[PDB]
């Protein structure tokens, strides 16, 4: 029940690097799964195994101490306007949050792939109501948790389906996102318990590392416990491109693009005293572990000099046509790419010591 009363800038210093529990509690399968009969079945409906504590303990052995829990509440929410969250779902989310928390790590709980938080001015009034009701129950469920539990108001709020979805945003989307962020901050701060001193993360438009999203991002000026949430899979062709133009080498043009976006984070947040966390990043598997290792160490070295931690996005996908950001085999508790983890440790300034590494095939 104890909570330290320290600023986000001071609390961020205790962070090394992070890991995402992707394609798990954020998996959304309402188009074919009966959420009434399977109230917690969505956790594994995208191919990941049921979450256990040993997954996080395997990662903490490799010096991970930040764990982001992407959670989708669509399908687990009752009818409007009360928006009652399913009790069995809230309990399972509580159990998974306890896995890294009860072992002493930082935890980030967010609202992820929602159908109702689209950044369209047509439905903001009801979207703000649902956002407030949902975060009221979440803040209530985790009242007595300390400063190591961090709430992230939104994931990538955007105008889905528009050409404006992934280009940075327009004036309409920027105002809706700012209004939604304000509702989230007020709802948590107004609740009781430790929530008045809990650290809160808010994203710009779509959490994009873009000038248009950075320029039109309202940030509170009198709350030292609010953090900016940015996602940056940079450079795009090497890290995120899953189609045409995808490259497997980390070339000089890729370094220039990455250096440009890291400088955008410095000018927007670091120089202006805005605490910021790279909540999502990573490089897709292209049979290029040593290319991704050098990229990861360079990326980690740069933002470590800025005091910004990063959180790897791990969806548990290794092969196939999907986005292959897998890093740990959750069923066998093994690090599939040990040199990538070693690069994170070396770039962060830690002693290189990779445990539970996968064997060598040759």
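Positions refer to the first chain, counted from 1.
Taking the mean C-alpha B-factor of each stretch as recorded, 61-69 and 43-51 are not equal, and the higher mean is that of 43-51.
As recorded in the PDB entry, 213-221 is the stretch of 98-106 and 213-221 with the greater mean C-alpha temperature factor. For the set 337, 312, 298, 32, the maximum C-alpha B-factor listed in the entry falls on 32. When the C-alpha B factors of 147, 259, 172, 152 are read from the deposited coordinates, the top value falls at 172. In this PDB entry, residue 357 carries a Cα temperature factor that places it within the middle third of its chain's modelled residues.
Among all modelled residues in its chain, residue 37 ranks in the highest third by Cα B-factor. Sorting the modelled residues of the chain by their CA temperature factor places residue 292 in the lowest third. Remark: residue 302 belongs to the lowest third of its chain, ranked by C-alpha B-factor as recorded.
Among all modelled residues in this chain, the alpha-carbon of residue 199 has a temperature factor (C-alpha) in the lowest third.
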